[PDB]
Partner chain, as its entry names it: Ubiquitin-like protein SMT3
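In the block that follows, a single chain appears as structure tokens, in the form solved without its partner chain.
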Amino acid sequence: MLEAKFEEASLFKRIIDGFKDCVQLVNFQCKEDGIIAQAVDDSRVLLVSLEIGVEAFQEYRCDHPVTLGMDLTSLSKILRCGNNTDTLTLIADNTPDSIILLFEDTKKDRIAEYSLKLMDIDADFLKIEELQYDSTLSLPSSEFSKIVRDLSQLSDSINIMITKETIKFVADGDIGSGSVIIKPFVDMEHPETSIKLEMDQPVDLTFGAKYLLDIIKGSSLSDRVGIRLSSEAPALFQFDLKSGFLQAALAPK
């Protein structure tokens, strides 16, 4: 039986919106260790993954490894149905055909219960990460998101080129071309605005615009974003959070 209780429902809503437009119909898996999720879009180019630890809740309980597939559009349609200041509780049992979400106010004057009919999803999972990549950077999520949104207006292709102490974003389309160049710096005044880069091998990889625009929707989850790039493996974007992370994998071109 699954009895999870978030401290606040806002976290779960933001997490769902972090890859809502990325992939739909994600098959979560709940264990006694935490909640994970892995999904691939219809085009099979983006691999989105979720990990939520026990510490992200004020009270978590589980006694059966359950697998729960549901529609992200309908799930987000339900997640907006609770007063944001209330507390959210996920409820499921052994071999279920629906998941139940309980919204409770502090003094229990109102109680909202929503039942969501599940979906039959093929239980397939993918593990492709390694310990080190050709280059590894970390930059503020808002800055990276604005960079992507700026370059998406020019073309449907965004190139990233990383050399020693140099990160470059190129985009060439019909109306013209654009280039954003950032350099690593460990600023003492503000550590969060600092861009960090570890350089092992130069990188020059082209990605799509739509997939990055959907990826950057996890900007509300973290202040920073960590990108791992290698010539052989897919680019790895990662947003960290309180005992958990969202991890997108995008194949270059």
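Positions refer to the first chain, counted from 1.
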The stretch carrying the higher mean Cα B factor in the deposited entry, 73 to 81 or 104 to 112, is 104 to 112
Hey, which bit's got the bigger mean C-alpha B factor in the entry, 219 to 227 or 189 to 197? 189 to 197
If you check the C-alpha B-factor for each of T166, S141, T89, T95 in the entry, which is highest? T95
Candidate set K210, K31, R61, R44 [ranked by C-alpha B-factor, highest]: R44
Assert third(CA B-factor, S155) within chain per record equals highest
Split the chain's modelled residues into thirds by Cα B-factor; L250 lands in the highest
According to the PDB entry, is the CA B factor of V203 in the bottom, middle or top third of its chain, that is, lowest, middle or highest? middle
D21 - which third its CA temperature factor falls in, relative to the rest of the chain: middle
Going by the recorded CA B-factors, say which third of the chain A171 sits in, lowest, middle or highest. lowest
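The next section is about a form of this same protein that is not shown, the form solved in complex with its partner chain.
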Could you tell me if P202 has a non-hydrogen atom within 4.5 Å of its partner chain in the entry with it bound? no
Hey, in the entry with it bound, is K31 touching its partner chain, heavy atoms inside 4.5 Å? no
Exercise: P184 in contact with its partner chain in the entry with it bound, heavy atom 4.5 Å: yes
Mark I36 yes when one of its heavy atoms lies within 4.5 Å of a heavy atom of its partner chain in the entry with it bound, and no otherwise. no
Residue by residue through 172 to 197, tell me which have a non-hydrogen atom within 4.5 angstroms of its partner chain in the entry with it bound. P184, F185, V186, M188, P191, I195, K196, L197
